[PDB]
$ cat coords_33.pdb   # PDB, C-alpha atoms and all ligand atoms
ATOM      1  CA  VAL A 438      23.078  31.595  32.497
ATOM      2  CA  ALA A 439      20.980  30.378  35.428
ATOM      3  CA  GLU A 440      18.514  28.707  33.054
ATOM      4  CA  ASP A 441      21.415  27.012  31.269
ATOM      5  CA  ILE A 442      22.949  25.843  34.566
ATOM      6  CA  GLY A 443      19.705  24.283  35.752
ATOM      7  CA  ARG A 444      18.769  22.799  32.386
ATOM      8  CA  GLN A 445      22.140  21.097  31.976
ATOM      9  CA  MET A 446      22.140  19.991  35.618
ATOM     10  CA  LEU A 447      18.865  18.144  35.069
ATOM     11  CA  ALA A 448      19.687  16.843  31.586
ATOM     12  CA  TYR A 449      23.265  15.601  32.145
ATOM     13  CA  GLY A 450      23.900  15.555  35.891
ATOM     14  CA  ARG A 451      26.476  18.305  35.297
ATOM     15  CA  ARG A 452      27.132  21.529  33.426
ATOM     16  CA  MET A 453      29.259  21.267  30.291
ATOM     17  CA  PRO A 454      31.769  24.146  30.003
ATOM     18  CA  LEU A 455      32.054  26.167  26.811
ATOM     19  CA  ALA A 456      35.449  24.783  25.801
ATOM     20  CA  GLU A 457      34.096  21.228  25.807
ATOM     21  CA  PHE A 458      31.147  22.117  23.577
ATOM     22  CA  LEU A 459      33.393  23.951  21.122
ATOM     23  CA  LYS A 460      35.978  21.153  21.042
ATOM     24  CA  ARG A 461      33.311  18.531  20.348
ATOM     25  CA  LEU A 462      31.682  20.718  17.683
ATOM     26  CA  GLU A 463      34.967  21.442  15.892
ATOM     27  CA  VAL A 464      35.791  17.860  14.900
ATOM     28  CA  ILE A 465      32.501  17.111  13.117
ATOM     29  CA  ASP A 466      33.005  17.088   9.343
ATOM     30  CA  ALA A 467      30.782  16.264   6.362
ATOM     31  CA  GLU A 468      31.337  12.497   6.460
ATOM     32  CA  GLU A 469      30.229  12.435  10.112
ATOM     33  CA  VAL A 470      26.975  14.273   9.329
ATOM     34  CA  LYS A 471      26.505  11.955   6.346
ATOM     35  CA  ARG A 472      26.982   9.003   8.713
ATOM     36  CA  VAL A 473      24.558  10.067  11.448
ATOM     37  CA  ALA A 474      21.827  11.049   8.987
ATOM     38  CA  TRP A 475      22.236   7.684   7.268
ATOM     39  CA  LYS A 476      21.868   6.132  10.721
ATOM     40  CA  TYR A 477      18.625   7.822  11.825
ATOM     41  CA  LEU A 478      16.899   9.702   8.977
ATOM     42  CA  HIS A 479      17.349   7.671   5.782
ATOM     43  CA  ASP A 480      14.312   5.475   5.082
ATOM     44  CA  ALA A 481      12.566   6.325   8.350
ATOM     45  CA  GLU A 482       9.029   6.849   9.599
ATOM     46  CA  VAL A 483       7.574  10.357   9.728
ATOM     47  CA  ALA A 484       4.619  11.982  11.465
ATOM     48  CA  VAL A 485       2.570  14.813   9.991
ATOM     49  CA  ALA A 486       0.144  17.463  11.208
ATOM     50  CA  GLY A 487      -1.561  20.291   9.360
ATOM     51  CA  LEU A 488      -4.304  22.891   9.296
ATOM     52  CA  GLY A 489      -6.108  24.894   6.637
ATOM     53  CA  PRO A 490      -6.615  24.713   2.867
ATOM     54  CA  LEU A 491      -5.102  21.234   2.559
ATOM     55  CA  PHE A 492      -6.469  20.260  -0.866
ATOM     56  CA  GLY A 493      -2.895  20.434  -2.191
ATOM     57  CA  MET A 494      -1.517  18.350   0.627
ATOM     58  CA  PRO A 495       0.713  15.377  -0.287
ATOM     59  CA  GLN A 496      -0.016  11.823   0.752
ATOM     60  CA  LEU A 497       1.595  10.298   3.811
ATOM     61  CA  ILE A 498       3.190   7.691   1.554
ATOM     62  CA  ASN A 499       4.669  10.473  -0.590
ATOM     63  CA  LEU A 500       6.396  12.030   2.413
ATOM     64  CA  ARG A 501       7.591   8.607   3.548
ATOM     65  CA  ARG A 502       9.007   7.497   0.180
ATOM     66  CA  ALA A 503      10.683  10.917  -0.040
ATOM     67  CA  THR A 504      13.150   9.911   2.696
ATOM     68  CA  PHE A 505      15.249   7.938   0.181
ATOM     69  CA  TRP A 506      16.441   8.797  -3.321
ATOM     70  CA  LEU A 507      16.340   6.276  -6.145
ATOM     71  CA  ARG A 508      19.182   8.145  -7.797
ATOM     72  CA  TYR A 509      22.214   6.598  -6.143
TER      73      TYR A 509
ATOM     74  CA  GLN B  62      -6.167   9.973  10.287
ATOM     75  CA  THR B  63      -3.960   7.469   8.469
ATOM     76  CA  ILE B  64      -1.311   4.992   9.614
ATOM     77  CA  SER B  65       1.830   4.217   7.645
ATOM     78  CA  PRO B  66       1.475   0.843   5.862
ATOM     79  CA  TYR B  67       4.714  -0.301   7.533
ATOM     80  CA  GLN B  68       2.820  -0.224  10.857
ATOM     81  CA  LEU B  69      -0.367  -2.051   9.809
ATOM     82  CA  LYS B  70      -1.432  -5.623   9.233
ATOM     83  CA  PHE B  71      -2.439  -5.955   5.581
ATOM     84  CA  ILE B  72      -3.559  -9.533   4.823
ATOM     85  CA  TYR B  73      -5.501 -10.258   8.035
ATOM     86  CA  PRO B  74      -7.923  -7.327   7.540
ATOM     87  CA  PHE B  75      -8.939  -8.808   4.176
ATOM     88  CA  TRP B  76      -9.807 -12.271   5.495
ATOM     89  CA  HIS B  77     -11.294 -10.881   8.714
ATOM     90  CA  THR B  78     -14.030  -9.179   6.645
ATOM     91  CA  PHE B  79     -14.364 -11.887   3.987
ATOM     92  CA  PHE B  80     -17.774 -13.361   4.779
ATOM     93  CA  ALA B  81     -19.547  -9.994   4.967
ATOM     94  CA  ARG B  82     -18.064  -8.819   1.660
ATOM     95  CA  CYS B  83     -18.872 -12.104  -0.078
ATOM     96  CA  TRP B  84     -22.460 -12.159   1.215
ATOM     97  CA  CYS B  85     -22.959  -8.617  -0.084
ATOM     98  CA  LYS B  86     -21.463  -9.287  -3.518
ATOM     99  CA  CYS B  87     -23.286 -12.577  -4.104
ATOM    100  CA  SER B  88     -26.609 -11.228  -2.817
ATOM    101  CA  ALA B  89     -26.393  -8.278  -5.199
ATOM    102  CA  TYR B  90     -25.931 -10.420  -8.334
ATOM    103  CA  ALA B  91     -28.462 -13.241  -7.827
ATOM    104  CA  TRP B  92     -31.611 -12.023  -9.593
ATOM    105  CA  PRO B  93     -29.984  -9.837 -12.289
ATOM    106  CA  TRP B  94     -27.381 -12.311 -13.571
ATOM    107  CA  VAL B  95     -28.382 -15.865 -12.607
ATOM    108  CA  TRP B  96     -32.130 -16.055 -13.270
ATOM    109  CA  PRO B  97     -31.808 -14.959 -16.930
ATOM    110  CA  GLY B  98     -28.821 -17.311 -17.075
ATOM    111  CA  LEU B  99     -30.964 -20.220 -15.932
ATOM    112  CA  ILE B 100     -33.630 -19.324 -18.493
ATOM    113  CA  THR B 101     -31.035 -19.226 -21.287
ATOM    114  CA  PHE B 102     -29.604 -22.596 -20.228
ATOM    115  CA  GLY B 103     -33.144 -23.969 -20.322
ATOM    116  CA  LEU B 104     -33.599 -22.666 -23.854
ATOM    117  CA  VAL B 105     -30.402 -24.376 -25.016
ATOM    118  CA  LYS B 106     -31.539 -27.704 -23.582
ATOM    119  CA  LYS B 107     -34.930 -27.432 -25.300
ATOM    120  CA  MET B 108     -33.258 -26.535 -28.606
ATOM    121  CA  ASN B 109     -31.129 -29.673 -28.321
ATOM    122  CA  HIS B 110     -34.307 -31.697 -27.753
ATOM    123  CA  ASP B 111     -35.981 -30.244 -30.836
ATOM    124  CA  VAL B 112     -32.936 -30.958 -33.011
ATOM    125  CA  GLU B 113     -32.472 -34.533 -31.846
ATOM    126  CA  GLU B 114     -36.131 -35.215 -32.656
ATOM    127  CA  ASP B 115     -35.955 -33.495 -36.059
ATOM    128  CA  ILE B 116     -32.921 -35.502 -37.139
ATOM    129  CA  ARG B 117     -34.908 -38.741 -36.765
ATOM    130  CA  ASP B 118     -38.223 -37.512 -38.173
ATOM    131  CA  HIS B 119     -36.608 -36.188 -41.357
ATOM    132  CA  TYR B 120     -34.163 -38.997 -42.162
ATOM    133  CA  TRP B 121     -35.054 -42.237 -40.309
ATOM    134  CA  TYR B 122     -37.599 -44.643 -41.777
TER     135      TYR B 122
HETATM  136  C1  LIG C   1       7.897  -2.153 -25.709
HETATM  137  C2  LIG C   1       8.751  -1.114 -25.044
HETATM  138  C3  LIG C   1       8.172  -0.674 -23.719
HETATM  139  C4  LIG C   1       9.067   0.229 -22.903
HETATM  140  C5  LIG C   1       8.504   0.549 -21.535
HETATM  141  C6  LIG C   1       9.514   1.181 -20.607
HETATM  142  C7  LIG C   1       8.955   1.567 -19.254
HETATM  143  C8  LIG C   1      10.009   2.159 -18.347
HETATM  144  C9  LIG C   1       9.528   3.325 -17.515
HETATM  145  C10 LIG C   1      10.665   4.067 -16.850
HETATM  146  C11 LIG C   1      10.431   4.356 -15.385
HETATM  147  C12 LIG C   1       9.530   5.536 -15.118
HETATM  148  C13 LIG C   1      10.218   6.863 -15.340
HETATM  149  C14 LIG C   1       9.516   8.029 -14.690
HETATM  150  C15 LIG C   1      10.453   8.928 -13.913
HETATM  151  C16 LIG C   1       9.806  10.210 -13.438
HETATM  152  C17 LIG C   1      10.786  11.370 -13.346
HETATM  153  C18 LIG C   1      11.410  11.522 -11.991
HETATM  154  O1  LIG C   1      11.363  12.521 -11.328
HETATM  155  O2  LIG C   1      12.028  10.406 -11.605
HETATM  156  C19 LIG C   1      12.891  10.522 -10.451
HETATM  157  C20 LIG C   1      13.623   9.225 -10.251
HETATM  158  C21 LIG C   1      14.836   9.398  -9.383
HETATM  159  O3  LIG C   1      14.453   9.245  -8.002
HETATM  160  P1  LIG C   1      14.720  10.440  -6.982
HETATM  161  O4  LIG C   1      14.376  11.723  -7.638
HETATM  162  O5  LIG C   1      16.081  10.252  -6.439
HETATM  163  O6  LIG C   1      13.682  10.163  -5.804
HETATM  164  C22 LIG C   1      12.783   9.042  -5.914
HETATM  165  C23 LIG C   1      11.771   9.100  -4.797
HETATM  166  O7  LIG C   1      12.444   9.350  -3.563
HETATM  167  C24 LIG C   1      10.973   7.826  -4.674
HETATM  168  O8  LIG C   1      10.509   7.437  -5.983
HETATM  169  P2  LIG C   1       8.988   7.692  -6.390
HETATM  170  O9  LIG C   1       8.121   7.032  -5.391
HETATM  171  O10 LIG C   1       8.798   9.135  -6.661
HETATM  172  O11 LIG C   1       8.841   6.884  -7.757
HETATM  173  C25 LIG C   1       9.684   7.213  -8.880
HETATM  174  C26 LIG C   1       9.196   6.466 -10.089
HETATM  175  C27 LIG C   1       8.423   7.355 -11.022
HETATM  176  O12 LIG C   1       7.435   6.545 -11.702
HETATM  177  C28 LIG C   1       6.172   6.643 -11.284
HETATM  178  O13 LIG C   1       5.826   7.307 -10.345
HETATM  179  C29 LIG C   1       5.250   5.815 -12.127
HETATM  180  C30 LIG C   1       5.761   4.404 -12.366
HETATM  181  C31 LIG C   1       6.772   4.332 -13.485
HETATM  182  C32 LIG C   1       6.351   3.434 -14.627
HETATM  183  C33 LIG C   1       6.296   1.968 -14.255
HETATM  184  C34 LIG C   1       5.984   1.058 -15.420
HETATM  185  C35 LIG C   1       7.184   0.767 -16.304
HETATM  186  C36 LIG C   1       7.408  -0.709 -16.600
HETATM  187  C37 LIG C   1       8.853  -1.150 -16.466
HETATM  188  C38 LIG C   1       9.223  -2.323 -17.354
HETATM  189  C39 LIG C   1       9.418  -1.931 -18.810
HETATM  190  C40 LIG C   1      10.084  -3.002 -19.660
HETATM  191  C41 LIG C   1      10.098  -2.698 -21.146
HETATM  192  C42 LIG C   1      10.797  -3.767 -21.967
HETATM  193  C43 LIG C   1      10.330  -3.864 -23.406
HETATM  194  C44 LIG C   1      10.284  -5.296 -23.904
HETATM  195  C45 LIG C   1       9.887  -5.414 -25.345
HETATM  196  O14 LIG C   1      10.362   5.970 -10.815
HETATM  197  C46 LIG C   1      10.701   4.686 -10.631
HETATM  198  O15 LIG C   1      10.816   4.175  -9.550
HETATM  199  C47 LIG C   1      10.912   3.985 -11.939
HETATM  200  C48 LIG C   1      11.718   2.701 -11.794
HETATM  201  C49 LIG C   1      11.790   1.898 -13.077
HETATM  202  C50 LIG C   1      12.750   2.476 -14.095
HETATM  203  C51 LIG C   1      14.104   1.801 -14.133
HETATM  204  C52 LIG C   1      14.208   0.718 -15.184
HETATM  205  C53 LIG C   1      15.602   0.532 -15.742
HETATM  206  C54 LIG C   1      16.190  -0.843 -15.495
HETATM  207  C55 LIG C   1      17.351  -1.183 -16.421
HETATM  208  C56 LIG C   1      18.047  -2.495 -16.097
HETATM  209  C57 LIG C   1      19.020  -2.952 -17.175
HETATM  210  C58 LIG C   1      18.341  -3.668 -18.332
HETATM  211  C59 LIG C   1      19.206  -3.871 -19.561
HETATM  212  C60 LIG C   1      18.605  -4.842 -20.574
HETATM  213  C61 LIG C   1      17.582  -4.246 -21.532
HETATM  214  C62 LIG C   1      16.137  -4.239 -21.065
HETATM  215  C63 LIG C   1      15.182  -3.654 -22.084
HETATM  216  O16 LIG C   1      14.092   8.766 -11.553
HETATM  217  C64 LIG C   1      14.181   7.443 -11.739
HETATM  218  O17 LIG C   1      14.892   6.723 -11.093
HETATM  219  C65 LIG C   1      13.277   6.999 -12.843
HETATM  220  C66 LIG C   1      13.945   6.028 -13.804
HETATM  221  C67 LIG C   1      15.152   6.631 -14.483
HETATM  222  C68 LIG C   1      15.614   5.872 -15.707
HETATM  223  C69 LIG C   1      16.921   5.136 -15.517
HETATM  224  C70 LIG C   1      17.542   4.647 -16.809
HETATM  225  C71 LIG C   1      16.601   3.836 -17.676
HETATM  226  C72 LIG C   1      17.307   3.068 -18.772
HETATM  227  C73 LIG C   1      17.332   1.579 -18.535
HETATM  228  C74 LIG C   1      18.227   0.806 -19.473
HETATM  229  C75 LIG C   1      17.691   0.706 -20.889
HETATM  230  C76 LIG C   1      17.859  -0.677 -21.478
HETATM  231  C77 LIG C   1      17.816  -0.730 -22.996
HETATM  232  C78 LIG C   1      18.835  -1.688 -23.600
HETATM  233  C79 LIG C   1      18.233  -2.774 -24.475
HETATM  234  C80 LIG C   1      19.180  -3.931 -24.737
HETATM  235  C81 LIG C   1      18.713  -4.829 -25.853
END
$ encode --input "coords_33.pdb" --output "structure tokens"
Amino acid sequence: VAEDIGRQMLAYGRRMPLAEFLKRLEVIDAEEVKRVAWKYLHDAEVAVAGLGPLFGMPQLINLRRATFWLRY
Amino acid sequence: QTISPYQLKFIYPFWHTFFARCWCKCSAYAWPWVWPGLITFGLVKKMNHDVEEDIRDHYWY
């Protein structure tokens, strides 16, 4: 609780009470998720890091062209 | 390390390194391709000479 108080105090200038979080979470539906993702994640840039037996590893351009589907 | 091609210049790097690449390529091909070419061109010219002399020797009085 103390960690949450301090973290929210620094991040927002306040502490958000539970009821507010739940009320804002409730009203999100599928179309809203499908809007935000389309806003920030569709056809975006990505960064990659890895370690180990990376002979299999995909290309950067593969991961980047993955962010959109040609179907639809 | 690799950078996404959306965050790179991609026609300036080609011209920026043009003279070096062209020097290398042309230097590599001089002796092997051109010198025999020049000799062959020579031979064609000499053949033409021989023919244009023949055609008068054989058929002109
Ligand atoms: C002489 C005959 C010669 C015939 C040659 C034909 C050549 C065509 C090749 C087809 C394309 C390759 C297919 C491979 C798919 C691989 C499987 C897979 O997982 O794909 C997922 C992928 C779906 O994407 P995703 O899974 O969501 O995620 C994608 C990634 O995020 C990101 O994507 P990615 O990075 O992974 O890359 C995926 C890539 C995969 O490919 C590769 O990685 C390699 C590259 C593919 C080959 C490229 C060379 C092909 C040359 C194309 C031109 C051919 C013209 C032939 C004309 C003949 C003339 C005599 O697929 C493509 O992008 C292919 C796009 C091109 C296909 C669409 C063409 C249809 C246009 C129709 C317009 C209407 C015209 C009507 C008029 C009639 C015209 C005849 O599937 C596709 O979209 C592939 C194409 C699906 C086919 C769609 C329907 C085709 C029918 C067209 C209409 C027919 C007209 C006939 C009527 C005639 C009237 C008289």
$ resolve_selection --input "coords_33.pdb" --expression "the ChimeraX specification (/A :<10) & /B" --output "PyMOL selection string"
chain B and resi 62-68
$ residues_near_ligand --input "coords_33.pdb" --ligand "ligand LIG 1 (chain C)" --cutoff "7 Å" --atoms "only C-alpha atoms and all ligand atoms" --output "list in words"
residues 499, 502, 503, 504, 505, 506, 507 and 508 of chain A
$ atom_distance --input "coords_33.pdb" --atom1 "atom CA of residue 96 of chain B" --atom2 "atom CA of residue 81 of chain B"
23.0 Å
$ atom_distance --input "coords_33.pdb" --atom1 "atom CA of residue 444 of chain A" --atom2 "atom CA of residue 472 of chain A"
28.6 Å
$ atom_distance --input "coords_33.pdb" --atom1 "atom CA of residue 85 of chain B" --atom2 "atom CA of residue 73 of chain B"
19.3 Å
